[PDB]
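Descriptive analysis of the structure
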Amino acid sequence: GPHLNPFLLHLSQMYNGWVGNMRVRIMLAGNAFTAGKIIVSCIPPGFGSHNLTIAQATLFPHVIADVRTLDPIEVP
Amino acid sequence: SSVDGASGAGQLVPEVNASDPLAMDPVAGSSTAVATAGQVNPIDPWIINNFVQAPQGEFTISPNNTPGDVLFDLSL
Amino acid sequence: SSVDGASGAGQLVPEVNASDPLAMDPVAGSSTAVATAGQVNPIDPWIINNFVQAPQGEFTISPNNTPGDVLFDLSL
């Protein structure tokens, strides 16, 4: 939604509709002396807000990143 | 989907597992039932390649575990 | 001149910084002043490429520092 970006948000108040894709970047700050992974799942609209298991989170189109990653994780 | 920390994992851990092949021949799939099953029901191609967390998806190894302990027992 | 420990740093730390380009167009240099400045004074070519420690050349990060703390503020 436009609300994710203050610029867009400010603009939404001038137009009455929208369509489009955003690009998301997750950036982690870790040493080479750490370990652990994170998982981002893309949940389609019309699903529900019920809580999930990490196992279930895998069932959605996902991205699993290791904490040591230097480069930002981009997810469409 | 899968992002192993290879990039920042240094070279302290092995990436791929080097192991001799399975002492076992390949087994046939549906080809068998085609002639006698009443129907041969195809499944969503999207399920066909997504590695999803199995219901028996978790296990844990600890220094309390002793060799021989079963971590998981999967039946086809 | 610069010798990063890449050779013996193992692969515990990231060599180069992977980052999206600066959201900003390039700016013109002297070309502007040429016509109105009384003189356009060239500088020693040896200074032109030597990365030397700026007078505001040091800063320190510690676990006492909290995000938001300014490490340095350089004005052109």
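Residues numbered from 1 in each chain as written, not as in the entry; some residues may be left out. Chains lettered and ligands numbered in written order. Part of a larger assembly, values for the part shown. Heavy atoms only, no water.

As stated in the entry header, the method of structure determination is cryo-EM and the reported resolution is 8 Å.

Concerning the overall build of chain B
Scanning chain B from N- to C-terminus turns up zero helices and zero strands. Rg of the C-alpha trace for chain B: 19 Å, well past the compact-globule value of 11 Å for 76 residues, more than 25% over. Considering only C-alpha atoms, chain B reaches an extent of 55 × 35 × 30 Å along its principal axes. Going through the 76 residues of chain B one by one, you find that 5% of them count as buried. When the accessible area of chain B is evaluated, it comes to approximately 7,400 Å², of which 58% is carbon and sulfur surface. (Helix = DSSP H or I, 4+ residues; strand = E, 2+ residues; numbered from the N terminus. Rg over C-alpha atoms; globule rule 2.2 N^0.38 Å. Buried < 20%, exposed > 50% of the residue type's maximum accessible area, 1.4 Å probe, protein only. Areas by Shrake-Rupley, 256 points an atom, 1.4 Å probe, with all protein chains shown as cover.)

With respect to the pairing of strand 3 (residues 62–66) of chain A
Residues and elements named next belong to chain A. Most of strand 3 sits inside the fold, with four of its five residues counted as buried. Inspection of the sheet shows strand 2 (residues 37–41) paired to strand 3 by five bridges, in the antiparallel sense. Bridged to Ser41 within strand 3 is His62. (Pairing = 2+ DSSP bridges.)

Let's talk about the layout of surface pockets
Using a probe with the size of a water molecule, rolled over the atoms, empty space left in the structure can be pinpointed. For the largest pocket, the calculated volume is near 580 Å³. Every residue lining the largest pocket is counted, 18 residues in all, and those nearest its centre are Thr58, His62 and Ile64 of chain A together with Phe51 and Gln53 of chain B. Here the element with the most residues in the lining of the largest pocket is strand 2 of chain A; it accounts for three residues. Its residues assigned to classes, the lining of the largest pocket shows ten nonpolar, seven polar and one charged. Together, 22 residues line the second largest pocket, and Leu70 of chain A, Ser7 of chain B together with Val13, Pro14 and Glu15 of chain C are the ones closest to its centre. (1 Å grid on protein atoms, 1.4 Å probe; cavity = no way out; pocket = protein on both sides within 12 Å on 5 of 7 lines; lining within 4 Å. Points joined across faces, edges and corners; volume = space filled by probe spheres on them. Nonpolar A, V, L, I, M, F, W, Y, C, P; charged D, E, K, R; others polar.)

Re a nonpolar patch on the surface
Residue and element names in this part refer to chain A. Side chains of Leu4, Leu8, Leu11, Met14, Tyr15 and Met22 sit close together on the surface and give an oily, nonpolar patch of about 610 Å² of accessible area. Residue placement: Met14 occurs in the loop between helix 1 (6–12) and strand 1 (24–26). Overall, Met14 belongs to the exposed group, its relative accessible area being 58%. (Patch = residues over 30% accessible without salt bridge, like charges linked within 9 Å, V, L, I, M, F, W, Y side chains within 5 Å. Salt bridge = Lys/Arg side-chain N within 4 Å of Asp/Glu carboxyl O.)

Re the pattern of salt bridges
Residues and elements named next belong to chain A. For the structure on display, the rule yields five salt bridges over all chains. The salt bridge partner of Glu74 is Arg23, with a shortest N-O separation of 2.7 Å. Taken together, the positions of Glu74 in strand 4 (residues 73–75) and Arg23 in the loop between helix 1 and strand 1 put the pair 51 residues apart, joining distant regions of the chain. What makes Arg23 exposed here is its relative accessible area of 62%.

Here's the deal with the packing of aromatic side chains
All names here are of chain B. Considering all chains together, one arrives at three aromatic pairs over all chains under this definition. Note on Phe59 and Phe72: the rings are 5.2 Å apart at their centroids and 50° apart in plane angle, and the pair reads as tilted. We classify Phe59 as partly exposed; its relative accessible area is 45%. (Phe/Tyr/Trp six-rings, centres within 6.5 Å; stacked < 30°, edge-to-face > 60°.)

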